[PDB]
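Worksheet: the structure to be examined is printed underneath.
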Amino acid sequence: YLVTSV
Amino acid sequence: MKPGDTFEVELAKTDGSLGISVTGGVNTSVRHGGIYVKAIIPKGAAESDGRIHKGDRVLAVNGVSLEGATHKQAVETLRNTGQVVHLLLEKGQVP
């Protein structure tokens with residue numbers, strides 16, 4: 001998936 | 001602008017978001033453990049520290065190492081925290 005705003 | 005530099009930044013995530021999009025992870029050929037920033041939010045809590053850019057290494061969070069942590073685990077390690085996220089960040093700038 002990658003790139004997860006957290 | 002020095003090698004071997006670590007910033008232990010303490011943030012409070014604003015509605016489930018420090019302000020970093022995660023990349024890298026142990027699943028990728030990193031330093032055998034570490035999540036890294038791909039993208040900074042313009043003015044979330046993270047950018048409000050701002051010593052980060054789109055290059056730096058997260059080594060530990062809340063005193064919890066990104067040891068064996070991949071994309072999903074790194075999110076879990078940042079996200080499911082006790083509100084305060086003490087980000088142990090290393091330089092994204094090579095020697």
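Residue names in the structure tokens use chain letters A, B, ... in the order shown, residue numbers from 1 in each chain, and ligand numbers from 1 in the order shown.
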Can you check which residues of chain B DSSP gives as strand (DSSP E) on the backbone and send them as a ChimeraX atom specification?
/B:6-12,20-24,35-40,57-61,64-65,84-90
Residue contacts of range 18-33 of chain B (9 Å, only C-alpha atoms) excluding same-chain residues fewer than 3 positions away, as a PDB file with C-alpha atoms, in the first residue's frame:
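So the final result, stored in out_22.pdb, reads:
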ATOM      1  CA  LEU A   2       2.581   2.432   1.323  1.00  0.00           C
ATOM      2  CA  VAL A   3       2.174   6.079   2.305  1.00  0.00           C
ATOM      3  CA  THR A   4      -0.242   6.273   5.152  1.00  0.00           C
ATOM      4  CA  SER A   5      -0.960   9.548   6.885  1.00  0.00           C
ATOM      5  CA  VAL A   6      -0.600   8.933  10.594  1.00  0.00           C
TER       6      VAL A   6
ATOM      7  CA  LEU B  11       4.149  15.778  19.292  1.00  0.00           C
ATOM      8  CA  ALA B  12       0.469  15.384  19.875  1.00  0.00           C
ATOM      9  CA  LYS B  13      -1.219  14.054  16.757  1.00  0.00           C
ATOM     10  CA  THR B  14      -4.131  16.147  15.585  1.00  0.00           C
ATOM     11  CA  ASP B  15      -7.140  13.923  14.971  1.00  0.00           C
ATOM     12  CA  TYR B  36      10.933   6.945   6.910  1.00  0.00           C
ATOM     13  CA  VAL B  37       8.971   9.975   5.770  1.00  0.00           C
ATOM     14  CA  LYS B  38       7.851  10.196   2.158  1.00  0.00           C
ATOM     15  CA  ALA B  39       5.679  13.266   2.461  1.00  0.00           C
ATOM     16  CA  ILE B  40       5.196  16.030   4.998  1.00  0.00           C
ATOM     17  CA  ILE B  41       1.830  17.656   5.543  1.00  0.00           C
ATOM     18  CA  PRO B  42       1.942  21.434   5.274  1.00  0.00           C
ATOM     19  CA  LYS B  43       1.105  22.277   8.868  1.00  0.00           C
ATOM     20  CA  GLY B  44       0.256  19.195  10.768  1.00  0.00           C
ATOM     21  CA  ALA B  45       2.003  18.594  14.077  1.00  0.00           C
ATOM     22  CA  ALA B  46       4.992  16.994  12.387  1.00  0.00           C
ATOM     23  CA  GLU B  47       5.750  19.906  10.086  1.00  0.00           C
ATOM     24  CA  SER B  48       5.218  22.094  13.095  1.00  0.00           C
ATOM     25  CA  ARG B  57      14.486   8.219   9.365  1.00  0.00           C
ATOM     26  CA  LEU B  59      14.068   4.949  14.438  1.00  0.00           C
ATOM     27  CA  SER B  65      12.082   0.888  18.412  1.00  0.00           C
ATOM     28  CA  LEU B  66      10.979   0.270  14.845  1.00  0.00           C
ATOM     29  CA  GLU B  67      12.652  -3.104  15.191  1.00  0.00           C
ATOM     30  CA  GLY B  68      11.246  -5.529  12.666  1.00  0.00           C
ATOM     31  CA  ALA B  69       8.675  -2.922  11.713  1.00  0.00           C
ATOM     32  CA  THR B  70       7.367  -2.721   8.173  1.00  0.00           C
ATOM     33  CA  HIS B  71       4.758  -0.402   6.627  1.00  0.00           C
ATOM     34  CA  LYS B  72       1.771  -1.766   8.503  1.00  0.00           C
ATOM     35  CA  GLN B  73       3.598  -2.254  11.778  1.00  0.00           C
ATOM     36  CA  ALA B  74       5.143   1.202  11.568  1.00  0.00           C
ATOM     37  CA  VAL B  75       1.713   2.747  11.239  1.00  0.00           C
ATOM     38  CA  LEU B  78       2.844   5.545  15.488  1.00  0.00           C
ATOM     39  CA  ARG B  79      -0.928   5.415  15.304  1.00  0.00           C
ATOM     40  CA  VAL B  85       4.246  10.638  19.952  1.00  0.00           C
TER      41      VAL B  85
END
Neighbours of residue 87 in chain B within 8 Å (only C-alpha atoms; same-chain residues fewer than 6 positions away dropped), as a PyMOL selection string?
chain B and resi 7-11+58-62
Store the residues picked out above in a file with C-alpha atoms, as a compact mmCIF listing (two decimals), in the first residue's frame.
# COMPACT_ATOMS: atom_id res chain seq x y z
CA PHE B 7 15.96 14.75 17.15
CA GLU B 8 13.60 13.42 19.79
CA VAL B 9 10.49 15.37 18.90
CA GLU B 10 7.39 15.14 21.09
CA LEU B 11 4.15 15.78 19.29
CA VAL B 58 12.15 7.34 12.21
CA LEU B 59 14.07 4.95 14.44
CA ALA B 60 11.91 4.89 17.52
CA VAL B 61 8.55 6.09 18.76
CA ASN B 62 7.59 6.76 22.39
DSSP-assigned alpha helix (DSSP H) members of chain B, reported as a ChimeraX atom specification:
/B:71-79
Deliver the residues from the most recent selection as a file, using N, CA, C and O atoms, as a PDB file, in the first residue's frame.
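The result, stored in out26.pdb:
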ATOM      1  N   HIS B  71       5.715  -1.436   6.875  1.00  0.00           N
ATOM      2  CA  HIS B  71       4.758  -0.402   6.627  1.00  0.00           C
ATOM      3  C   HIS B  71       3.608  -0.436   7.574  1.00  0.00           C
ATOM      4  O   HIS B  71       3.282   0.569   8.204  1.00  0.00           O
ATOM      5  N   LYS B  72       2.954  -1.602   7.717  1.00  0.00           N
ATOM      6  CA  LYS B  72       1.771  -1.766   8.503  1.00  0.00           C
ATOM      7  C   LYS B  72       2.036  -1.668   9.966  1.00  0.00           C
ATOM      8  O   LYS B  72       1.338  -0.965  10.694  1.00  0.00           O
ATOM      9  N   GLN B  73       3.110  -2.328  10.435  1.00  0.00           N
ATOM     10  CA  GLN B  73       3.598  -2.254  11.778  1.00  0.00           C
ATOM     11  C   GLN B  73       4.075  -0.899  12.169  1.00  0.00           C
ATOM     12  O   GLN B  73       3.831  -0.447  13.286  1.00  0.00           O
ATOM     13  N   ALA B  74       4.752  -0.144  11.284  1.00  0.00           N
ATOM     14  CA  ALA B  74       5.143   1.202  11.568  1.00  0.00           C
ATOM     15  C   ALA B  74       4.005   2.137  11.794  1.00  0.00           C
ATOM     16  O   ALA B  74       4.063   2.957  12.709  1.00  0.00           O
ATOM     17  N   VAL B  75       2.922   2.019  11.004  1.00  0.00           N
ATOM     18  CA  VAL B  75       1.713   2.747  11.239  1.00  0.00           C
ATOM     19  C   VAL B  75       1.179   2.436  12.594  1.00  0.00           C
ATOM     20  O   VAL B  75       1.002   3.349  13.401  1.00  0.00           O
ATOM     21  N   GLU B  76       0.958   1.156  12.944  1.00  0.00           N
ATOM     22  CA  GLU B  76       0.513   0.697  14.222  1.00  0.00           C
ATOM     23  C   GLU B  76       1.285   1.211  15.389  1.00  0.00           C
ATOM     24  O   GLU B  76       0.734   1.558  16.432  1.00  0.00           O
ATOM     25  N   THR B  77       2.613   1.349  15.223  1.00  0.00           N
ATOM     26  CA  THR B  77       3.563   1.853  16.166  1.00  0.00           C
ATOM     27  C   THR B  77       3.477   3.325  16.381  1.00  0.00           C
ATOM     28  O   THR B  77       3.714   3.790  17.496  1.00  0.00           O
ATOM     29  N   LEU B  78       3.090   4.140  15.384  1.00  0.00           N
ATOM     30  CA  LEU B  78       2.844   5.545  15.488  1.00  0.00           C
ATOM     31  C   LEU B  78       1.442   5.892  15.855  1.00  0.00           C
ATOM     32  O   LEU B  78       1.169   6.845  16.582  1.00  0.00           O
ATOM     33  N   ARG B  79       0.474   5.131  15.316  1.00  0.00           N
ATOM     34  CA  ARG B  79      -0.928   5.415  15.304  1.00  0.00           C
ATOM     35  C   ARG B  79      -1.622   5.022  16.563  1.00  0.00           C
ATOM     36  O   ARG B  79      -2.413   5.804  17.087  1.00  0.00           O
TER      37      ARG B  79
END
From the list B:34, B:52, B:80, B:64, which residue is nearest chain A when using only C-alpha atoms?
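Once distances to chain A are computed over only C-alpha atoms, the minimum belongs to B:80.
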Quote the spacing between CA of residue 90 in chain B and CA of residue 3 in chain B in Å to one decimal place.
9.1 Å
What gap, in Å, lies between CA of residue 56 in chain B and CA of residue 84 in chain B?
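These two atoms are separated by 19.7 Å.
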